[PDB]
Amino acid sequence: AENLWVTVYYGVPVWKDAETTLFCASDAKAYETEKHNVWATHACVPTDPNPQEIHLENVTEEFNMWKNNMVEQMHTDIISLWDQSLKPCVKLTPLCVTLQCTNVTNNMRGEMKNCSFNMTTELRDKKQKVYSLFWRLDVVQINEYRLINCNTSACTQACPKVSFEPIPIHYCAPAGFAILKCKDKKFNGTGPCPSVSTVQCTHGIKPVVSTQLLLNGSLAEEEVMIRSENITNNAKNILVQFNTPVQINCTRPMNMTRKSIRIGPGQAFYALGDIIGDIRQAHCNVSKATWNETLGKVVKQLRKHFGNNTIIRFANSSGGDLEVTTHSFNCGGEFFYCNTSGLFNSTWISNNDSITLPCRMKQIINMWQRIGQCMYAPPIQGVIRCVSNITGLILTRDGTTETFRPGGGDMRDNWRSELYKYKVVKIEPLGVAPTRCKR
Amino acid sequence: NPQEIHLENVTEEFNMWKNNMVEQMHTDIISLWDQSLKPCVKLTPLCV
Amino acid sequence: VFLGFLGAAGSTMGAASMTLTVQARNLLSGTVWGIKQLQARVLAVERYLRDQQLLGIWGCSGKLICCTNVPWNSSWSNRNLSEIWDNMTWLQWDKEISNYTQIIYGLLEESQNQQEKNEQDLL
Amino acid sequence: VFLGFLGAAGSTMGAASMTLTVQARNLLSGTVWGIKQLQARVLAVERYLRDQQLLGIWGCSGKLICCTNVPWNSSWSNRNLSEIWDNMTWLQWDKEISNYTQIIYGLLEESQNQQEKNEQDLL
Amino acid sequence: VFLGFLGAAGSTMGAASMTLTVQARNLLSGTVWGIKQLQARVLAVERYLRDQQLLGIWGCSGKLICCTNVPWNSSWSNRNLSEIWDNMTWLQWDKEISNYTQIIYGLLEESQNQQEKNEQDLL
Ligand SMILES: *[C@@H]1O[C@H](CO)[C@@H](O[C@@H]2O[C@H](CO)[C@@H](O[C@@H]3O[C@H](CO[C@H]4O[C@H](CO)[C@@H](O)[C@H](O)[C@@H]4O)[C@@H](O)[C@H](O[C@H]4O[C@H](CO)[C@@H](O)[C@H](O)[C@@H]4O[C@H]4O[C@H](CO)[C@@H](O)[C@H](O)[C@@H]4O)[C@@H]3O)[C@H](O)[C@H]2NC(C)=O)[C@H](O)[C@H]1NC(C)=O
Ligand SMILES: *[C@@H]1O[C@H](CO)[C@@H](O[C@@H]2O[C@H](CO)[C@@H](O[C@@H]3O[C@H](CO[C@H]4O[C@H](CO)[C@@H](O)[C@H](O)[C@@H]4O)[C@@H](O)[C@H](O[C@H]4O[C@H](CO)[C@@H](O)[C@H](O)[C@@H]4O)[C@@H]3O)[C@H](O)[C@H]2NC(C)=O)[C@H](O)[C@H]1NC(C)=O
Ligand SMILES: *[C@@H]1O[C@H](CO)[C@@H](O[C@@H]2O[C@H](CO)[C@@H](O[C@@H]3O[C@H](CO)[C@@H](O)[C@H](O)[C@@H]3O)[C@H](O)[C@H]2NC(C)=O)[C@H](O)[C@H]1NC(C)=O
Ligand SMILES: *[C@@H]1O[C@H](CO)[C@@H](O[C@@H]2O[C@H](CO)[C@@H](O)[C@H](O)[C@H]2NC(C)=O)[C@H](O)[C@H]1NC(C)=O
Ligand SMILES: *[C@@H]1O[C@H](CO)[C@@H](O[C@@H]2O[C@H](CO)[C@@H](O)[C@H](O)[C@H]2NC(C)=O)[C@H](O)[C@H]1NC(C)=O
Ligand SMILES: *[C@@H]1O[C@H](CO)[C@@H](O[C@@H]2O[C@H](CO)[C@@H](O)[C@H](O)[C@H]2NC(C)=O)[C@H](O)[C@H]1NC(C)=O
Ligand SMILES: *[C@@H]1O[C@H](CO)[C@@H](O[C@@H]2O[C@H](CO)[C@@H](O)[C@H](O)[C@H]2NC(C)=O)[C@H](O)[C@H]1NC(C)=O
Ligand SMILES: *[C@@H]1O[C@H](CO)[C@@H](O[C@@H]2O[C@H](CO)[C@@H](O)[C@H](O)[C@H]2NC(C)=O)[C@H](O)[C@H]1NC(C)=O
Ligand SMILES: *[C@@H]1O[C@H](CO)[C@@H](O[C@@H]2O[C@H](CO)[C@@H](O)[C@H](O)[C@H]2NC(C)=O)[C@H](O)[C@H]1NC(C)=O
Ligand SMILES: *[C@@H]1O[C@H](CO)[C@@H](O[C@@H]2O[C@H](CO)[C@@H](O)[C@H](O)[C@H]2NC(C)=O)[C@H](O)[C@H]1NC(C)=O
Ligand SMILES: *[C@@H]1O[C@H](CO)[C@@H](O[C@@H]2O[C@H](CO)[C@@H](O)[C@H](O)[C@H]2NC(C)=O)[C@H](O)[C@H]1NC(C)=O
Ligand SMILES: *[C@@H]1O[C@H](CO)[C@@H](O[C@@H]2O[C@H](CO)[C@@H](O)[C@H](O)[C@H]2NC(C)=O)[C@H](O)[C@H]1NC(C)=O
Ligand SMILES: *[C@@H]1O[C@H](CO)[C@@H](O)[C@H](O)[C@H]1NC(C)=O
Ligand SMILES: *[C@@H]1O[C@H](CO)[C@@H](O)[C@H](O)[C@H]1NC(C)=O
Ligand SMILES: *[C@@H]1O[C@H](CO)[C@@H](O)[C@H](O)[C@H]1NC(C)=O
Ligand SMILES: *[C@@H]1O[C@H](CO)[C@@H](O)[C@H](O)[C@H]1NC(C)=O
Ligand SMILES: *[C@@H]1O[C@H](CO)[C@@H](O)[C@H](O)[C@H]1NC(C)=O
Ligand SMILES: *[C@@H]1O[C@H](CO)[C@@H](O)[C@H](O)[C@H]1NC(C)=O
Ligand SMILES: *[C@@H]1O[C@H](CO)[C@@H](O)[C@H](O)[C@H]1NC(C)=O
Ligand SMILES: *[C@@H]1O[C@H](CO)[C@@H](O)[C@H](O)[C@H]1NC(C)=O
Ligand SMILES: *[C@@H]1O[C@H](CO)[C@@H](O)[C@H](O)[C@H]1NC(C)=O
Ligand SMILES: *[C@@H]1O[C@H](CO)[C@@H](O)[C@H](O)[C@H]1NC(C)=O
């Protein structure tokens, strides 16, 4: 009656923040992509055609994109996706031989090398006098050349069957856990979210390994978004998300050749033969009309944080390592490294053609800072062309006015631009509460 | 204990040419092979 | 009104208690990287048999709702019946009673252990 | 007459219901290739707690047999009592009611969710 | 007097039966070498659902204590009530009844299988 008794309730809406082992989901046409397991999807779970989504009315839960563990579990998963794909692939241990190299047939600036070397054939007897063709970033001289990795990391050659094409990846959580999706149009990834909804598996997140220029990411809503961990600190990167995508084209207009010198028994190295056609380099195009309006759309957002009548300038990379300074990205297999001195050369005050960007190329790579050893991606025949979406930028600030320069390096930032609206909780269905019942 | 129970009155349609115990037996014997050769002596220098 | 899984998280505890069967239906749900899901779908059922074993050793066994002969102490945030079940949510509530949850869990499994031995006498 | 596991698969549903405890006793049963059995004996218990959780959220909990306050709809193959329990087998039956099994499963867990909240009133 | 896990192993069966909830609370408890614990914490729950399934198919379901309508045979070590519950321990007892445990386990699950079918008649 007037004295109250405890009661057990099982299946209550009660959750606390926690971290659990997250898994994958990836449609079923992605499994038809096959091609000897492209990237990750093998025994991974297929996505059911039910996409369940439940808007939790009245609920307000404080997110935090800069402390989100789906990042550390996505980064380290992609790290180990790399290595599992290289363990049973051909290893280039006997490819650290002395390279006698020359220019490329031109008529100027040297960019490529026509290299000849000795080589183990299939038999452990007679050698082989065969020639390859390496970019300048692949090799280095010694006082005659050698590969640029031989004085560091033992090397392994990417298998030619697998594809480095970013496919959608849906992360999930098991039973007793759930994932919350914030669904408002203006959220800097930190603080309380008014319209919280719950989901079982996130939207398709293509793991695009890029620097400086965010590629093929989710578009922002209404106004372009400016996200930072500490805007007063000039030591934290400033994530940007676009509303309108910026169109970027990139060709590799060199009709190159694939030579297959057999370093048997079994294994076989894929080199670059003679070049069919003109000596050109790879270039990425950005339309001059799109990049001017999108640049001013960001700086009106930068005035919201750095003073109303302030002057915002942009310059290229301060320097240091190669990856930080260039727009590193994959498309068609090759790895481009592009100069963004032309996309960040602006000075904004308080109030019809293309922008072509020079791109290098490299076969031997050490990805995500230090992981996965080297990897000599095999050469690619024909003219490679691909279009990408610029859906965000990675900017840094220098230490009246303020300047901003592009950055990257740490690959945990690329995931945050897709995981800002997600977080992980555990369901605690056992809550006690009083009422006037007794047994 | 070899337990065996005759299900009287029951009639069930088999199909030997669509049986998955085959595909799970073949691919098991396939991987029985390789697991038995991974830590064995490799004749790479015997192509002289 | 099937609002869905956790559909009544901002609804009052009285309002949410109509959804108790909607949060517990989806509580169990039925080479590397393929083990990401194994070591995680194992952690999904130990979480279940940890909760069900509390429901078992209390006077509940059968699910969803269940009373106990433990008197509620006034120092566990002394609200009223109309201040809890008509003006509070389960998230907001387990925040005040997060200090006392472990204290309370003992009495339920001990007050029930007195009831069963007394049950064997009267048989 | 202990016919054994699935011993009454061709026996009538009335005849088979005497074996219900013989089919459910052997339902749970207590380096690579050694994982063939691990990932399979894990799939052997999720199959168990998926069924037991339906038995739990219905008016059953306790096993083998159990009634419900759901009226049986005539459009679910309108047979008679002597046409089902004396002239049909469980295999033959779940063939006609394979279309409606998912429809029916909802009512049991919802008709039971109305009974428990009403149970808390009358306490 | 919470003696602890197995705290009453030398206490009489009557004395130990007050600890039944202290031995069953800690019965479930919530790259290589990291699999030493996985294949062992899996063997920790099959041990649980093997015991709970016997408790389920008997007249117990609900835990700790539970009667049955099986008459106790005199040839299973004919002691008296004051010779068992006041002068013997559970270890010492299951030593005399280790021969008959399998014989007895059958009657409980069959005497219960007669009770449920009779229960469906009288409904
Ligand atoms: C942001 O997102 C965009 C959109 O997804 C993405 O653009 C994609 O660019 C890549 C280039 O890196 C494109 O990939 C290649 O496209 C060409 C052209 O395909 C034609 O043919 C298809 C018919 O299937 C038509 O539908 C299509 O319209 C074109 O006309 C293909 O030739 C490529 O195929 C090869 O790669 C596939 C996967 O890597 C393999 O499955 C396939 O078998 C091919 O491999 C082999 O082919 C030959 C054997 O027959 C062999 O000789 C070759 O040497 C090779 O080994 C590939 O599909 C992709 O299509 C673009 N996306 C779309 C939707 O078209 C951007 O790249 C992305 N941005 C970033 C930074 O990633
Ligand atoms: C990177 O560097 C390597 C250097 O090793 C280049 O590879 C060489 O490329 C040249 C092309 O100029 C090749 O030279 C040519 O060889 C042809 C093959 O000769 C065969 O035919 C005769 C029968 O007459 C056989 O007896 C003989 O054994 C061969 O089987 C010749 O036909 C070519 O002759 C032509 O060019 C000369 C040029 O003066 C003309 O005068 C002639 O009339 C005729 O038209 C020519 O000599 C050479 O063989 C290649 N070497 C190897 C090892 O393959 C790569 O091309 C280079 N890559 C790039 C991109 O520059
Ligand atoms: C092959 O390459 C050579 C160079 O190695 C090319 O010859 C070069 O031709 C350019 C013009 O096309 C010359 O530049 C000229 O300089 C004068 C100043 O003296 C200026 O007034 C002109 O307007 C022009 O800019 C350059 O001097 C000349 N170099 C040499 C070494 O002769 C040649 O055209 C190329 N041919 C092919 C087929 O590739
Ligand atoms: C590939 O190997 C051959 C040996 O078969 C090298 O030829 C020798 O080169 C040295 C100097 O480099 C000379 O002194 C010898 O007279 C050469 N002939 C022999 C040993 O028979 C050849 O230089 C190598 N090619 C390279 C390293 O690019
Ligand atoms: C391996 O070789 C590379 C290239 O020769 C070395 O990288 C150079 O490191 C110095 C550090 O003082 C830089 O100034 C050069 O610019 C680097 N070269 C290039 C091409 O980037 C690397 O240090 C060597 N590693 C060793 C010897 O352990
Ligand atoms: C992200 O946005 C939130 C608002 O959604 C900002 O929160 C405010 O922070 C200031 C301090 O900088 C407080 O004085 C306000 O009371 C906060 N308001 C709200 C509604 O949270 C937060 O500062 C923003 N963070 C960044 C890095 O931009
Ligand atoms: C690049 O951006 C364009 C935006 O125009 C994307 O095209 C849109 O895709 C969404 C769904 O992905 C559709 O709902 C829109 O209707 C599309 N726009 C138009 C004009 O048809 C395109 O998918 C993006 N490509 C990427 C991210 O790879
Ligand atoms: C790049 O060069 C190759 C030759 O190595 C070209 O392949 C030829 O393609 C035409 C028609 O496309 C065929 O008639 C020839 O028989 C092909 N030759 C060989 C050796 O296969 C290829 O077309 C060139 N790339 C482009 C874009 O034209
Ligand atoms: C990037 O390439 C695409 C196509 O490869 C270009 O889109 C074409 O634009 C022209 C007009 O400029 C149209 O006539 C074509 O129909 C378009 N093609 C398609 C497939 O839509 C685009 O303009 C290029 N942009 C840049 C910046 O290079
Ligand atoms: C950033 O852009 C500046 C130009 O705005 C580049 O500065 C040049 O650097 C080279 C060194 O290779 C010097 O020889 C030139 O004299 C410099 N020009 C000026 C005007 O100072 C700089 O190299 C660029 N850096 C990057 C990383 O792209
Ligand atoms: C990236 O682009 C900048 C500018 O477009 C390049 O800077 C040039 O450097 C050379 C030195 O070899 C100078 O002679 C030019 O005057 C510079 N250009 C300008 C506009 O100042 C730079 O070399 C390019 N590459 C890198 C890696 O920064
Ligand atoms: C940044 O942009 C300015 C112009 O917006 C470039 O200025 C060039 O200046 C020279 C003479 O000083 C002119 O002859 C050129 O025509 C100007 N370029 C253009 C595109 O108009 C400046 O070089 C750019 N900086 C970099 C590093 O590229
Ligand atoms: C390659 O080209 C560059 C152009 O600057 C030249 O200096 C170098 O000597 C060339 N290499 C050879 C081996 O001729
Ligand atoms: C941001 O940076 C400033 C200065 O670097 C520091 O004083 C402050 O504590 C940081 N964190 C904030 C403002 O949350
Ligand atoms: C386009 O960019 C130029 C700089 O080259 C700038 O002066 C101009 O204001 C921009 N146009 C608009 C409409 O912002
Ligand atoms: C900047 O100026 C606009 C109008 O000129 C004003 O609405 C806005 O509040 C100002 N922002 C400040 C003062 O931070
Ligand atoms: C109720 O809580 C108080 C502490 O606020 C404690 O002293 C008291 O003993 C508790 N009541 C019972 C019956 O234990
Ligand atoms: C719970 O206890 C902590 C200290 O252990 C105290 O700070 C907090 O105020 C308590 N919570 C409530 C709701 O009283
Ligand atoms: C019984 O089934 C029919 C469909 O044949 C359906 O229209 C009817 O609503 C069902 N009865 C109830 C009470 O829902
Ligand atoms: C079950 O439904 C299917 C179509 O969904 C129909 O073809 C079949 O006849 C139905 N089964 C029975 C026993 O009526
Ligand atoms: C009791 O045990 C004896 C064996 O000592 C056995 O012969 C007898 O049948 C048992 N009682 C019953 C009712 O089965
Ligand atoms: C149990 O049976 C064994 C033989 O199976 C016998 O040796 C032993 O004495 C029996 N135990 C008791 C307590 O009678």
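- As recorded in the entry header, the structure was determined using X-ray crystallography to a resolution of 3.503 Å.

1. Considering the site of ligand 2
Residue and element names in this part refer to chain A.
(1) Moving on: For ligand 2, the full set of nearby residues is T105, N114, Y131 and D274.
(2) Moving on: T105 places a polar side-chain atom, nitrogen or oxygen, 3.2 Å from an oxygen atom of ligand 2.
(3) Moving on: Between ligand 2 and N114, the relevant distance is 2.4 Å, taken from an oxygen atom to a side-chain nitrogen or oxygen of the residue.
(4) Moving on: Isolated, ligand 2 exposes 1,100 Å² of accessible area, and the fraction of that covered by the protein chains is 18%.
(5) Moving on: Split by residue class, the shell around ligand 2 holds one nonpolar, two polar and one charged.

2. Details of the interface of chain D and chain B
(1) Moving on: The interface is formed by ten residues belonging to chain D together with eight residues belonging to chain B.
(2) Moving on: Surface buried jointly by chain D and chain B totals about 650 Å² across both partners, of which 63% is contributed by carbon and sulfur atoms.
(3) Moving on: Of all residues in chain D, the largest losses of buried area upon contact with chain B belong to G10, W33 and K36 of chain D, amounting jointly to 44% of the total for that side.
(4) Moving on: Taken together, the connections running from chain D to chain B amount to zero residue pairs in polar contact.
(5) Moving on: Residues belonging to the side of chain D that touches chain B are distributed by class as follows: six nonpolar, three polar and one charged.

3. What about the domain arrangement of chain A?
Residue and element names in this part refer to chain A.
(1) Moving on: We note that the domain assignment places domain 1 (14–20 + 48–65 + 172–202 + 421–428), domain 2 (93–151 + 254–280) and domain 3 (209–253 + 281–410) within chain A.
(2) Moving on: Its C-alpha centre places domain 1 at a distance of 30 Å from the equivalent point of domain 3.
(3) Moving on: Opposite the six residues of domain 1 that make contact, domain 3 presents six residues.
(4) Moving on: Of the roughly 500 Å² buried at the junction of domain 1 and domain 3 (both faces included), carbon and sulfur atoms supply 63%.
(5) Moving on: Contact with domain 3 buries area across many residues of domain 1, yet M65, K185 and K186 alone supply 67% of it, more than any other trio.
(6) Moving on: Counting every contact that joins domain 1 to domain 3 gives zero salt bridges.
(7) Moving on: Our count for the contact surface shared by domain 1 and domain 3 stands at one residue pair in polar contact.
(8) Moving on: Looking at side-chain class alone, the side of domain 1 that touches domain 3 contains two nonpolar, two polar and two charged residues.

Reading the values: the criteria
- Residues numbered from 1 in each chain as written, not as in the entry; some residues may be left out.
- Chains lettered and ligands numbered in written order.
- Part of a larger assembly, values for the part shown.
- Heavy atoms only, no water.
- Near = heavy atom within 4 Å.
- Polar contact = N/O pair within 3.5 Å; in protein donor to acceptor, adjacent residues only side chain to side chain.
- Areas by Shrake-Rupley, 256 points an atom, 1.4 Å probe, with all protein chains shown as cover.
- Nonpolar A, V, L, I, M, F, W, Y, C, P; charged D, E, K, R; others polar.
- Contact = heavy atoms within 4.5 Å.
- Buried area = accessible area lost by both parts, 1.4 Å probe.
- Domains from an automatic or database assignment.
- Salt bridge = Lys/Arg side-chain N within 4 Å of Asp/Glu carboxyl O.

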